[PDB]
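Have a look at the structure below before the remarks.
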Amino acid sequence: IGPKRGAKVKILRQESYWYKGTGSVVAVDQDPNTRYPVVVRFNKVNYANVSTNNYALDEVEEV
Amino acid sequence: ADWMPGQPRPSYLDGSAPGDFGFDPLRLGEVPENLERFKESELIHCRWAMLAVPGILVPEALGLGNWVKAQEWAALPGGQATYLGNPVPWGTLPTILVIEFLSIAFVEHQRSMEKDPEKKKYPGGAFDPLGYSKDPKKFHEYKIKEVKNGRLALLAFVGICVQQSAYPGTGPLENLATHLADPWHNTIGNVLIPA
Amino acid sequence: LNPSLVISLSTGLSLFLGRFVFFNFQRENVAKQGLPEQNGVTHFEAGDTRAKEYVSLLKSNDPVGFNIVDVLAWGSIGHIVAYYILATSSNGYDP
Amino acid sequence: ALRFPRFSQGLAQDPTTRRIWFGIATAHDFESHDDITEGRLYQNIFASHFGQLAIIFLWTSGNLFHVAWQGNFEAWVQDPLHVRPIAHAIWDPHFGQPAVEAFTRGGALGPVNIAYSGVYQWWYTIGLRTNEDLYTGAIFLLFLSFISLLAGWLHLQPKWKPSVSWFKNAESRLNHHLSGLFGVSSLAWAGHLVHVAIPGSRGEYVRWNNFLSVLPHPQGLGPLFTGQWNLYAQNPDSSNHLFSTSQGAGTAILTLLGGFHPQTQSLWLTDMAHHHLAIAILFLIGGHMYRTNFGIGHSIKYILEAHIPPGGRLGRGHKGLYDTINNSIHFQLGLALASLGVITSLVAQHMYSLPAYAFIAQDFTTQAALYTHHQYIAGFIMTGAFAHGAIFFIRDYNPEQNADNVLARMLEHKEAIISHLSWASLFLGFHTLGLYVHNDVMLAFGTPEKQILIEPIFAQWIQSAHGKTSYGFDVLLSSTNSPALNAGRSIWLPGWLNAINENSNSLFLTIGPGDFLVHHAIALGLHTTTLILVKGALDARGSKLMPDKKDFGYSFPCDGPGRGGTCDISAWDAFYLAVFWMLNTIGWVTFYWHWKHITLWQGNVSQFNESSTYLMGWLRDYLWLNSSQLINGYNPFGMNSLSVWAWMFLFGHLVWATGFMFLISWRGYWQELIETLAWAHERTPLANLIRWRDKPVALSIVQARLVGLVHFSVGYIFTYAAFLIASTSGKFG
Amino acid sequence: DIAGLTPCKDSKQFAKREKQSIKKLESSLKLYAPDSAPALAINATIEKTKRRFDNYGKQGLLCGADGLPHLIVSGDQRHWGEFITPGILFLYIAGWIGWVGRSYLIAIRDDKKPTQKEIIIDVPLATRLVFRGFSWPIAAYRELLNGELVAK
Amino acid sequence: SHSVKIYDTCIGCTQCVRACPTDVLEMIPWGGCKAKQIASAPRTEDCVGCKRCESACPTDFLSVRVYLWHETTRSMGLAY
Amino acid sequence: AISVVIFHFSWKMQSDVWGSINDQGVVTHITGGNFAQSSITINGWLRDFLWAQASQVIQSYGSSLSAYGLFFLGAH
Ligand code: CLA
Ligand code: CLA
Ligand code: CLA
Ligand code: CLA
Ligand code: CLA
Ligand SMILES: CC1=C(/C=C/C(C)=C/C=C/C(C)=C/C=C/C=C(C)/C=C/C=C(C)/C=C/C2=C(C)CCCC2(C)C)C(C)(C)CCC1
Ligand SMILES: CC1=C(/C=C/C(C)=C/C=C/C(C)=C/C=C/C=C(C)/C=C/C=C(C)/C=C/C2=C(C)CCCC2(C)C)C(C)(C)CCC1
Ligand SMILES: CC1=C(C/C=C(\C)CCC[C@H](C)CCC[C@H](C)CCCC(C)C)C(=O)c2ccccc2C1=O
Ligand code: SF4
Ligand code: SF4
């Protein structure tokens, strides 16, 4: 389930530093109890100097 | 596109409309409901300038009065309009001014109540007594001849207005006269290039 | 210029225009954008009791429905056009 | 909900001194009180307007009363150019005898203050002549003050409380305000000019006891109703008319002369009567636009809904905007403040250049105070306009009911908007400052001919289009055969062309390079202040640094030191920042107005034309030169009537500088200090016995920004007013 | 003339200013021996002052009542040297700087650690881009026409 | 008392609980993330509002949010 | 603190110490003993110290001291 590893996904979570940008899929948690299972890496840190975040399947779009 | 060989025409202009030579570089007619209003508005403009350009040239060839001199009898208090020399027995300013408003506003508002789009621009009936629109093939031929003569008239009216702007007081026929004096010196060159 | 003649001719034409030539158009447009609404509902329907349309005044036995408000409206335009013509003629302006 | 802030149990339960402060500061934010409804919100505002009217009437009543009781109005009206108008008596037991003597001025028997408000010229121009005239005016306004409180109280009673639906009947309020509040009031004001003010200017005395038996015009209303309106313009006052006498007095009541009454240097009363009559007719016609109870008129909602360009470049156009506006009181107040701010500046610009009041043009200090007072009022009002735009975006904006409309589309491209304001401000700052600094260096190096001195040719060309001949441009009304010149030759152009080419009035002053530079300074200030304010409003809902900002409201201290630091991130803080920039801007505009006029009044505009192109000129030849009488209002050798302004001048410097403390030192420093004072107090005998009922705490973060801003603004205004008044009145321009 | 000014070559206050300026320097000149280094230096300033005033007069500069040149930036063809012409030169150079600057960020944007060439200039790369600026109007117009200049 | 809230984007890394200087927060069992725990705020009357917890939180958009609210002598951090 | 210390120093020295001595010993101090009656009000420091002694720097343009003029404005 979810996008494949190394997929190039556009971020659709509005409150996200990377909103409307794109990152790379690190892994997708296959446990169906995981609300935000898509791990994404980005090339620029956000204001907290963090470079990776978890997203929902509906918050991510392959491009 | 016929209006500019080698130039692709807009996709909504296929050449079927009368006078559709593919000219719309600003894409004004991309909104279809505006295109239809603009078709109606163009004909209305065409038919007025086709009446005006004779009205501007014929009296100048005849008795005194270029189209600007024909209007200087009003404004200044007095009023003595002359048609064909004879001062018309009603040519005072407020008389025709009311008659013009009442008559033109009535027939213009009547025009605006037509719901059908083809009758908004081609009404027919009383305005086609000689039955020129009966033949469908001939009907469309006169449609193109109308818009082409009308666009030429609008073009002439612009010349008349722009020539008046450059040679104030003069008339368009006097402009042609002044041109034929020596065409190689009395041209728009004087206007574009002062001195 | 006779003031009574100018005023009563202006009002006559304005009243004539509003009854025979412009009546359908004015009525059509009032129906098009009807009563003012707040949140999808007329002021009266929202509780503005003082916003009730006076149907009593709007009633008329005139064939097309020309009523007392139409007389006030088109009659006002006539008096305004009349006094524009009178005052404008009273001066000796030269352009 | 049991102590002081009855409207906020959240604050009533604060055990610290913070409770008292915030109780005061939030009392008028009705929306944030415990258990407000929409109805109560409208009703409190409505009654609050009646209280504001009551204060306005009460204030005017006192001004009238104090001039009648302690002023020299009756001597002023007999010699308006040789009597300093008295504001009120002063009674201060701290005065020494030399202060009692110095302040005894005018024809008064004791120390008085001289009025720089212009009310003498105003009241005289409109007909007031006697102290009694003033007394009954004050009593009438006292009655209006009382009535306004009666209605305010009344409409807070359940029988008379208006419903929300009534407050939202927009079409009806507009019709009534346009035709009635504006139109009939203007028509009535023209009636006063015709019946009282104009006879007053012609040496007649028309009052309630006799106004029914005297004709305003010998031909009565005959000409009005027959349409022979020209008769009312027939026999205008002579250009040699002496105001308040019959010398050269005519009989016209409605004229269109342009220009100035030559002796008073102010607009013709018969022009102002014609103006109020004409705009009244326009307001009265315009107030019939909107549909009410009669089956005619427009729906504003339908009009908005129709205005959507086919072609989609404004998305859904104006759809939804009626209820967005009609349901948000911050939207309404934003538009109100924005519009009132524009026209408050209009008042300042037009009153100095086209004065309406006889003998105010030569009361230089009054003209200086009036212009400065309205440009600062206008500035504050403009900042409020954006502050309530921000508050609108947080409290009231519904994204879904505005989806894709012109308002939502502003939020969609906020980065485009903000970054271009940023660009325009950067361009104007680099170049305006760069140009002044270049000129300064050229002056420094003894080479003033190497200045960059750009001619304000566009504005000079506009002055020439208006008929000013100073520049040889010969355009439009400066031409000889423009149709514009020909059309108005017979009417207002003779009196206008005369006034605009008289170079000793203030109508369209001559301008050179100095006027160019400071106008770009002014454009810098307008652009930067709106940058702060637009950025504040458009990010109020959220930014990338704080994407949920709307959940925190308009004012909050910050969002803590994480994510890199977030001090001053709220929309309230953007307002707070913008006030400094507005005070800067109005400073520049008022400095400019004053220095241009003081060198005009003194008879050497060249002092301004030359010293204003570099900044040392402003510091030395404006501030330093014009401070010498003010700072000597008291010195080791005595004092004089400039003593007050010398003291207020320093007072203003002191309040301003105290503001810096609240702005630069922040809370935590002071909270720890206060703790050692809590300890010390609980360990000091005798003082041990006394205990506070409110725990002492350092001020809040936001509180200190406000307190600092208020100190800064207060000292800003008091410093400049003291300087403005002393420098102008110490010499009379 | 334009804006009620008069040519600095006809202006009496302009001429007065040159005269007062030379007199100022001559008051200092008379302190020093004529061969001395200060005398030569003050004389050098004096000649430069004289060159400057004649130069402004011969270039057509208008002067105000103050005797100082005032620039006409309206577009009037007798004064293009006062704004249009040095302005075209500014925009040409400014665009050169910016176009070269963007070329470098684009050249390094796909590098491994891009911020490394932002704090330590890759000078060889920069010497290769520095002359892209010569034609920025054509290059920038070309990237526009084919979607390369702005992102969507 | 200030309001503290946790959102379900929380990855249960515990960093906010360790940052808190008055023990407002604790971890509780949860099935929503891999760490199978989520934060919780059962003692906000001791919350002073320093926001050390938000500084600690790794989620793009804070999983712990502090809304400063009604002040008490505990939230104001007074020892007197 | 240091600003008013150096201001204290400048005004005292110009007022009560520095100056020119006569042939007979008539000392003329730079500001002529004005420190005693002037430096006891803030208006005295505004008027008799800052406003008066700022004369030199704000009229330094056009002379070798003009770089102080520019630095005065620059530091502001
Ligand atoms: C003819 C009927 C009428 C009239 C006269 C008014 C009058 C007024 N209404 Mg209104 N109102 C009406 C009908 C009317 N209303 C109706 C029908 C409704 C229900 C649909 C309402 C509902 C309503 C609400 C809900 C509120 C008002 C308010 C107000 C007051 C606004 C504040 C003020 O003084 O503005 C004064 C404004 C002017 C005089 C107009 C001039 C404005 C320009 C910019 C100034 C021009 C300055 C000029 C140059 C002055 C010269 C300088 C000076 C020194 C001489 C004002 C008294 C408000 C109020 O204060 O309540 C107490 C308020 O909250 N009204
Ligand atoms: C028609 C005018 C008008 C109206 C009706 C409102 C109404 C409102 N505004 Mg608004 N505002 C206005 C004009 C207006 N404003 C202007 C002109 C500005 C620019 C300054 C602003 C800037 C503004 C901000 C920045 C804020 C408001 C807020 C508010 C709300 C509550 C205010 C409150 O409780 O403070 C009550 C205040 C007091 C009881 C006392 C305040 C005293 C002030 C601060 C200092 C006065 C100094 C004084 C001159 C000292 C003199 C010293 C002496 C020696 C001379 C309320 C909805 C606030 C709000 O709640 O929005 C969410 C808010 O934060 N407004
Ligand atoms: C002594 C001469 C002098 C000096 C020292 C400066 C110094 C400056 N100018 Mg100025 N300027 C001058 C003369 C001077 N100017 C003249 C004679 C004119 C008339 C043409 C201008 C017109 C001008 C404009 C229109 C702008 C500047 C800007 C600037 C600043 C950055 C410019 C730059 O190269 O960044 C290096 C270059 C870049 C970073 C690339 C972007 C900026 C350039 C200017 C874009 C140019 C291409 C673009 C298509 C042209 C502009 C289109 C339109 C707005 C005109 C800098 C403070 C810029 C500014 O204020 O920005 C806020 C700016 O936009 N100046
Ligand atoms: C005199 C004091 C001063 C100055 C110069 C500025 C300058 C500026 N402010 Mg600021 N501000 C001030 C006081 C001041 N502010 C105060 C008291 C407050 C209240 C807190 C604010 C609040 C404030 C806000 C909230 C905003 C500004 C903005 C701006 C910018 C306005 C646009 C502009 O002029 O671009 C031109 C830039 C300048 C004039 C700055 C100076 C340029 C220097 C002189 C060039 C240096 C060149 C030279 C080689 C340097 C050598 C130095 C050496 C050591 C290496 C600009 C950077 C706005 C902004 O950022 O807009 C984009 C904005 O949003 N300011
Ligand atoms: C590649 C360089 C470059 C380019 C092409 C631009 C281009 C632009 N900037 Mg930017 N900017 C830059 C560098 C650059 N900037 C730097 C270094 C800073 C930090 C000081 C800024 C700060 C800045 C602000 C604050 C603003 C802009 C704005 C703008 C826009 C309008 C023009 C303007 O205001 O110029 C302004 C230029 C400056 C303020 C300073 C930049 C000038 C430096 C000297 C040029 C870069 C030199 C660089 C080291 C070259 C190395 C290349 C080499 C290795 C080969 C435009 C998109 C404005 C905007 O968004 O409008 C829409 C705006 O508000 N910029
Ligand atoms: C039933 C009938 C009938 C009758 C009717 C009639 C006869 C009517 C009339 C009517 C009328 C006869 C009306 C009137 C109206 C009026 C009005 C409504 C007015 C208004 C006014 C105004 C509004 C004014 C204003 C003003 C002023 C006041 C001042 C100056 C300015 C002005 C002008 C603006 C008939 C036979 C036909 C038919 C059958 C049925
Ligand atoms: C944020 C926000 C807001 C705010 C806003 C603001 C604050 C604004 C401002 C604005 C403004 C402040 C603007 C202004 C404008 C102006 C104008 C628009 C003007 C115009 C003018 C004109 C047009 C003129 C012309 C002329 C001339 C010049 C001459 C004579 C003639 C004439 C008259 C024609 C609001 C509330 C909305 C809400 C939402 C949010
Ligand atoms: C100095 C000051 C301290 C301490 C000052 C506080 C404790 C104010 C104490 C004021 C006393 C009570 C005197 C108040 C005098 C006023 C004139 C009272 C006006 C009363 C109004 C209600 C009218 C802190 O509060 C600090 C807080 C945030 C950063 C800046 C500030 C600021 O620096
Ligand atoms: S704000 Fe400070 S105290 Fe309140 S929860 Fe977050 S960390 Fe703990
Ligand atoms: S810090 Fe953020 S993620 Fe880590 S536990 Fe607390 S809330 Fe959940």
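Residue numbers (PDB author numbering), protein chains in the order written: chain E, 1 to 63; chain 1, 35 to 229; chain G, 2 to 96; chain B, 2 to 734; chain F, 77 to 228; chain C, 2 to 81; chain A, 608 to 683.
Note that beta-carbon positions come from the ideal geometry of N, C-alpha and C, so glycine has one too.
Item: Beta strand (DSSP E) segment containing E61 (chain E), residue limits; Value: 60-62
Item: Environment of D95 (chain G) [buried if 16+ CB atoms lie within 10 Å]; Value: exposed
Item: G13 (chain C) Cβ short of 8 Å to ligand 10 heavy atom set; Value: yes
Item: Proximity of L147 (chain F) and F129 (chain F) at Cβ, strictly below 9 Å; Value: no
Item: Chain-ordered neighbours of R93 (chain F) on chain B, where CB pairs are closer than 8 Å; Value: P449, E450
Item: Buried versus exposed, by CB contacts within 10 Å (16 or more), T256 (chain B); Value: buried
Item: Proximal chain F residues relative to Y472 (chain B), where beta-carbon distance stays under 7 Å; Value: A79, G80
Item: Local conformation of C139 (chain F) per DSSP, three classes; Value: strand
Item: Reduced DSSP category for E401 (chain B) - H, G, I as helix; E, B as strand; rest coil; Value: coil
Item: CB contact check: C34 (chain C) to chain E, cutoff 9 Å; Value: yes
Item: Bridge partner(s) assigned by DSSP for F261 (chain B); Value: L268 (chain B)
Item: Test: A7 (chain E) CB closer than 9 Å to a CB of chain C; Value: no
Item: Buried/exposed call for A27 (chain E), threshold 16 Cβ in 10 Å; Value: exposed
Item: Given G653 (chain B) as reference, the closest of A722 (chain B), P697 (chain B), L643 (chain B), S607 (chain B) once Cα atoms are compared; Value: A722 (chain B)
Item: Cβ of residue 54 (chain F) within 9 Å of any chain B Cβ; Value: Given a span of 77 to 228 for chain F in the structure shown, any question on residue 54 (chain F) remains unanswerable.
Item: Three-state secondary structure (DSSP) of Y176 (chain 1); Value: helix
Item: Contact set between the region 272-286 of chain B and chain G, restricted to residues whose Cβ is under 9 Å from the partner; Value: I282, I286
Item: Heavy atom of ligand 6 within 8 Å of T12 (chain G) beta-carbon; Value: yes
Item: Contact with chain G by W646 (chain B), beta-carbon distance below 9 Å; Value: no
Item: Neighbour flag for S146 (chain 1) against chain G, beta carbons, 9 Å; Value: yes
Item: 9 Å Cβ cutoff, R410 (chain B) in contact with chain E; Value: no
Item: Selection of the region 44-67 of chain C by Cβ proximity to chain B, strictly under 7 Å; Value: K52, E55, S56, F62
Item: Rounded Cβ spacing between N46 (chain E) and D61 (chain C) (contact assumed at less than 8 Å); Value: 6 Å
Item: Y84 (chain G) Cβ short of 8 Å to ligand 6 heavy atom set; Value: yes
Item: When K100 (chain F), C139 (chain F), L225 (chain F) are compared against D77 (chain F), the one with the closest alpha-carbon; Value: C139 (chain F)
Item: Residues from the region 653-679 of chain A in contact with chain B, defined by Cβ distance under 9 Å; Value: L653, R654, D655, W658, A661, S662, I665, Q666, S667, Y668, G669, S670, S673, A674, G676, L677, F679
Item: Chain-order list of residues whose beta-carbon lies under 7 Å from that of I29 (chain C) (same chain, five-residue window excluded); Value: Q38, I39, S41
Item: Heavy atom of ligand 6 within 8 Å of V72 (chain G) beta-carbon; Value: yes
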